[PDB]
Amino acid sequence: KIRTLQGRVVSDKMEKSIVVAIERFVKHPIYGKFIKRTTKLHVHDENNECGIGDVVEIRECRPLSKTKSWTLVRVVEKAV
Amino acid sequence: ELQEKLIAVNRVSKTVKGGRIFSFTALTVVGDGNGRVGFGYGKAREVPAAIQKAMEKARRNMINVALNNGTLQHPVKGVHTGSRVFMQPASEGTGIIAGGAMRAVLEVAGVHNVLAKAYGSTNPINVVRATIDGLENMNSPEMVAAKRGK
Amino acid sequence: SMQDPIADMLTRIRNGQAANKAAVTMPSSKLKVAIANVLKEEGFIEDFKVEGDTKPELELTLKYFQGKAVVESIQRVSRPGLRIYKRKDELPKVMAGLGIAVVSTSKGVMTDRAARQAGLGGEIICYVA
Amino acid sequence: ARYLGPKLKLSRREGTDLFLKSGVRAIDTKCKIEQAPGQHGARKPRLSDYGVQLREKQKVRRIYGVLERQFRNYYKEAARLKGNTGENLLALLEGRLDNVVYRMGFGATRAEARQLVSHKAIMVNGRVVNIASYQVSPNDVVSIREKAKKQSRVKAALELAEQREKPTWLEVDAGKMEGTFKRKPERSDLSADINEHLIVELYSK
Amino acid sequence: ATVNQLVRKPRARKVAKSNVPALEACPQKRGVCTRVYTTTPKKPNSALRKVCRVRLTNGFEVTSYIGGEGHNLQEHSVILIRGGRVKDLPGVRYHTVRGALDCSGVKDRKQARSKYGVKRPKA
Amino acid sequence: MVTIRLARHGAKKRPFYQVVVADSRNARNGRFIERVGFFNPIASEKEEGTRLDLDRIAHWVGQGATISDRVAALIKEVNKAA
RNA sequence: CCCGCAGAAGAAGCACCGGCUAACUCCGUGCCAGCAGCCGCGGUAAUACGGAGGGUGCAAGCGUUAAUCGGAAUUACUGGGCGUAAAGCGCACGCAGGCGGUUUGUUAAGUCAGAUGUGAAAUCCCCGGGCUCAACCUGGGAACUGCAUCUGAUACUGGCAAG
RNA sequence: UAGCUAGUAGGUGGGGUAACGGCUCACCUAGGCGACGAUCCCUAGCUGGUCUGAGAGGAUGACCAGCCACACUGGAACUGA
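Cut-offs applied
- Residues numbered from 1 in each chain as written, not as in the entry; some residues may be left out.
- Chains lettered and ligands numbered in written order.
- Part of a larger assembly, values for the part shown.
- Heavy atoms only, no water.
- Core = buried A, V, L, I, M, F, W, Y, C linked by side-chain atoms within 4.5 Å.
- Buried < 20%, exposed > 50% of the residue type's maximum accessible area, 1.4 Å probe, protein only.
- Helix = DSSP H or I, 4+ residues; strand = E, 2+ residues; numbered from the N terminus.
- Domains from an automatic or database assignment.
- Contact = heavy atoms within 4.5 Å.
- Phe/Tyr/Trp six-rings, centres within 6.5 Å; stacked < 30°, edge-to-face > 60°.
- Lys NZ or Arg CZ within 6 Å of the ring centre and 35° of its normal.
- Pairing = 2+ DSSP bridges.
- Axes fitted to C-alpha atoms, helices over the stretch in contact; angles between N-to-C directions.
- Near = heavy atom within 4 Å.
- Polar contact = N/O pair within 3.5 Å; in protein donor to acceptor, adjacent residues only side chain to side chain.
- Nonpolar A, V, L, I, M, F, W, Y, C, P; charged D, E, K, R; others polar.
- Buried area = accessible area lost by both parts, 1.4 Å probe.
- Salt bridge = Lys/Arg side-chain N within 4 Å of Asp/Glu carboxyl O.

- Per the deposited record, the coordinates in this entry were obtained by cryo-EM to a resolution of 3.05 Å.

1. Some thoughts on the nonpolar core
In step 1: Ranked by size, the top nonpolar core spans 41 residues in total, and within it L97 and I122 of chain D carry the most contacts.
In step 2: Elements supplying a minimum of two residues to this core: α2 (51–64), α3 (68–79), α4 (85–94), α5 (97–103), α6 (110–118), β1 (122–124), β3 (142–144) and α8 (196–203) of chain D.
In step 3: Taken domain by domain, the makeup of this core includes at least three residues from each of domain 1 (8–93 + 191–203) and domain 2 (94–181) of chain D.
In step 4: Core analysis: the second largest hydrophobic core is formed by 29 residues, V29, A101, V105 and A109 of chain B among them.

2. A short note on α6 of chain D
Residues and elements named next belong to chain D.
In step 1: Taken residue by residue, α6 has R110, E112, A113, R114, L116 and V117 as its buried positions.
In step 2: Elements that come into contact with the buried residues of α6 comprise α2, α5, β1 and α7 (154–157).
In step 3: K120 occupies a position one or two residues after α6 and carries a positive phi of about 65°.

3. Focus: the packing of aromatic side chains
In step 1: This model, assessed by the stated rule, comprises six aromatic pairs over all chains.
In step 2: Their ring planes at 50° and their centres at 6.1 Å tell us that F25 of chain A and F34 of chain A sit as a pair that is tilted.
In step 3: Relative accessible area serves as the criterion here: at 30%, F34 of chain A is assigned to the partly exposed category.
In step 4: Ring geometry for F16 of chain F versus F38 of chain F: centroids 5.5 Å apart, planes at 20°, classification stacked. Here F16 of chain F, found in the loop between β2 (6–8) and β3 (17–23), pairs with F38 of chain F, found in strand β4 (residues 34–39); they are 22 residues apart in sequence, far enough to count as distant.
In step 5: A connected cluster of aromatic rings, assembled from ring pairs, spans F25 and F34 of chain A together with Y85 of chain C.
In step 6: Across from the ring centre of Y119 of chain B, 5.0 Å away, lies the NZ or CZ of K117 of chain B, which sits over that ring.

4. Considering the sheet that holds strand β4 (residues 75–76) of chain C
All names here are of chain C.
In step 1: Spatially, β4-β7-β5-β6 is the arrangement adopted by the four strands of the open sheet, whose pairing is antiparallel. Two strands in the sheet have a free side with no partner beyond their single neighbour: β4 and β6 (108–110).
In step 2: Strand direction decides the pairing type here: β4 and strand β7 (residues 124–128), joined by two bridges, are antiparallel. Bridge pairing in β7 places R76 opposite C126.
In step 3: Running at roughly 35° to β6, helix α2 (residues 31–41) makes contact with β5 (100–105), β6 and β7 of the sheet.

5. Regarding the protein's contact with RNA strand H
Residues and elements named next belong to chain A.
In step 1: Neighbouring residues of RNA strand H: 21 residues in total, closest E15, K40, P63, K66 and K68.
In step 2: What you see for RNA strand H is that sugar and phosphate hold 88% of its atoms within 4 Å of the protein.
In step 3: Here a sugar or linking oxygen of RNA strand H sits 3.1 Å away from a polar atom, N or O, in the side chain of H42.
In step 4: At 3.0 Å, a side-chain N or O of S65 approaches a phosphate oxygen of RNA strand H.
In step 5: Listed by contribution, the elements that provide at least two residues to the surface near RNA strand H are β3 (34–43) and β4 (55–65).
In step 6: Here the element with the most residues in the surface near RNA strand H is β3; it accounts for five residues.

6. A word on the protein's contact with RNA strand G
In step 1: What surrounds RNA strand G is a group of 111 residues, the closest being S104 of chain C, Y3 of chain D together with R11, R82 and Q111 of chain E.
In step 2: Each atom of RNA strand G within 4 Å of the protein was classed as base or backbone; sugar and phosphate made up 72%.
In step 3: Contact distances for RNA strand G include 3.2 Å between a sugar or linking oxygen and a side-chain N or O atom of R13 of chain D.
In step 4: In this structure, a phosphate oxygen belonging to RNA strand G sits 3.3 Å away from a side-chain N or O atom of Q18 of chain F.
In step 5: Of the residues belonging to the surface near RNA strand G, the class tally is 37 nonpolar, 31 polar and 43 charged.

7. Quick look at the pairing of β3 of chain F
All names here are of chain F.
In step 1: Most of β3 sits out of view: five of its seven residues are buried.
In step 2: As defined by bridge partners, strand β1 (residues 2–3) adjoins β3 across two bridges and the pair is classed as antiparallel. Across the sheet, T3 pairs through a bridge with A22, a residue of β3.
In step 3: Note: β2 against β3, three bridges, orientation antiparallel. Along β3, the bridge assignment pairs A7 with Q18.
In step 4: Sheet topology note: the β3/β4 ladder contains four bridges and is antiparallel. Paired with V20 across the two strands is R35, which belongs to β4.

8. Focus on the interface of chain C and chain B
In step 1: Listed per partner, the contact involves 13 residues of chain C and seven residues of chain B.
In step 2: Both faces considered, chain C and chain B share a buried interface measuring about 850 Å² in area, 61% of it formed by carbon and sulfur atoms.
In step 3: Per-residue buried area on chain C facing chain B is highest for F65, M95 and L98 of chain C; these three make up 51% of the total on that side.
In step 4: For the pair chain C and chain B, the number of links is one salt bridge.
In step 5: A salt bridge links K147 of chain B to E72 of chain C, with the shortest nitrogen-to-oxygen separation between them at 2.8 Å.
In step 6: Tallied by class, residues from the side of chain C that touches chain B come to eight nonpolar, one polar and four charged.

Right under this line is the structure:
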């Protein structure tokens, strides 16, 4: 429980690991248009229990592999 | 009792068959310390008469300005034939921070404390007019309040 | 309009006033009417009335104190394509306070005189002047 | 620092009497006020909208003997204060010790005040000061040290002061020959024909 | 101009060439003054002027004008190139300093004496 | 080795010292942790020569901080005075 | 730092003067020597070159070159344009992208308010203070326009649902 | 510069370090990264700050301070908190 970065899983193929893509506004610093900047970030899912395209609630953990430092706490949407 | 200030002058020419006749222009600005401007522009053949004719056409077109207390009510912006002009009221004591053709119009209208700038071509003949455009488009707090509920 | 139903009403107001019309009509909204109250109570316009059920059309009854119009120049600021939001202190002043702005504050749409007294910034709908 | 000055071809250019010399010099009496500063005589001066603020900026600099570096420093620390920038310039030029020792009535011209100051003679708040730029704070009590109380000058130059006007922002007890810069000078009592709103545009380019 | 278009590629800066390429921020440069020209200016001018190829230190060979009230150089004297283009020759855009390195001053020259290598006749 | 040494900051011939809390390994005019009071060696009642904030020094000392040499005198010259 | 002893005794240059820009006269030169940031000067007076006198500006400095920003709204977010001045693809279709009518409900991501931490010190600003003044040093504040967390609002934007 | 990537992305186990981790080894999965600019090339220490600018911005990063990196060029490790 830090901020539990909601995201939409991109690719649940890879073993016990997923790719969650966070989406964010940010006002463009110099032009002022609210641009949409995605934040793709590897997530360790322990059972391959989430399918592509469902919003999950992920958390910071210690590094679990080279470039895999997030695990999810709970899923709040079904893939289809 | 009116103040009067010249702006510029020109060696305007003309090609006739035989020769090349020259003229002189003398745009002028006029007011008093109370927001009146008959900015003037008068042709002749030699400068003293152009200056006099511009004083004369000047002293006429007194299109009334709405001086606040020596400055502008609010940041007017003007334009006339490719010469944009920004004006903004400034603090007391701060002089006329204004360019060339605007220094004279601002001064003679009666203003003392404003800061200005011109952005298109800086041709005096049109800066003097864009400025005065802006200064007729003033809105005093008393007359904006007049045209609706104060 | 097809993508800016509010700059469209502002364009109605300051096209139908160069032509010097008494009243203008347009398809209403909730935000359009929320603006129209702030316009008509700062005296920028006489009075309005919305009417219609399938097509509730807003009609403002434009005002003018001479041949000149009371509304000098309204400016659409928060365009869809560049949304502009201000805080309670960086709220714009219009003609150094003589003219009115319209912002969407958390407690509704109002001027900036009142939303600066209320201590609550908003979303700059348009400059009214 | 002071550069030994242009003498009266100084005041001849500006027209008004810029006091490098004081005595019976007010009337011509070998001054030749505006006959010619030099090569050409009374040549008509076609000064541009620029020349007529250089003229007044160097009327002010050359009343007091300030220079471009000190005058621009005065400009900047007058323009960072609060209020009328021009009256701030004249205020912080009037509070200068070189000036005040003159306005006190001591000496006869601000070159004499600048020399008395530099020669330890004027001593303010009980401790000797020989910087001419010392901004005299209000309620100070300027004096003359014992060694220079009767030196040669202030006994007579003071008598060359009562016929002159009494500056009303400081009081002069000439009988005891110590003064008190009582309060801050204002524009109104600093009765000069100096237009500040030419200088301030000169510097605010 | 559309703010979206500016987002998708930034409003780019305007690049500007330096006027004096062989100096590259060095206010002066030494040279060899490898030989001397006297080529005439364009049509509007006359009075053929004194320019010299220089082998600067950094390998660039350029022409430099030898202005003054008279001339004193040679064909191997080392000179100090300065910058400050001349307006007549088709590209003599360096303007040798007078009286700093082994190039003498000017003769009997009293005014603007610092811009030339002569120094205080007793006076 | 947190220390409560002094850093020399004033101009030439006129040193001004901040009573700083910093570990030993840093150069005296390098990094530090907390700045608790200053010391102006000049005298003749120009101003207060020392203001020192004794409560944070007492905290740090009780936390394992070595109160240094000159500042040790600085402490009690305040307490002896007041 | 203070005090005594001298005597004005040891202490003034540099650029510039045709317009832009404060400040011109005389002579020599005669498209030559030369100048020049630009305009432009020099071919019989030339306030533009060289010299003198005079003035202007700055002053233990003052000029030139180099470099950066400004002026330049001349990359324009603030703050430009595209018929003819440079500039609308030869024309369509269209993925990604960008925008999105209207009412209600919901959320509270954008947004807004407040709060809590943090944003090193010095710099910058303000009221001071100490160096005979100032540069300089220095106390306290302000400021660091940010980030993160929390608690409210819910108009507008987004999501989800119903039209 | 439009494709790059095989210990390369992940998972089992060993092994390894003060410590997690392909950090290394065997094995299996066949992924990961890329138009929201990967890979490649050129230039460059980074910041508080500095100058300039009305300001947004621009240009910089000598001094002073925080972090980093190197110590004739290139490998390695010992000793030790």
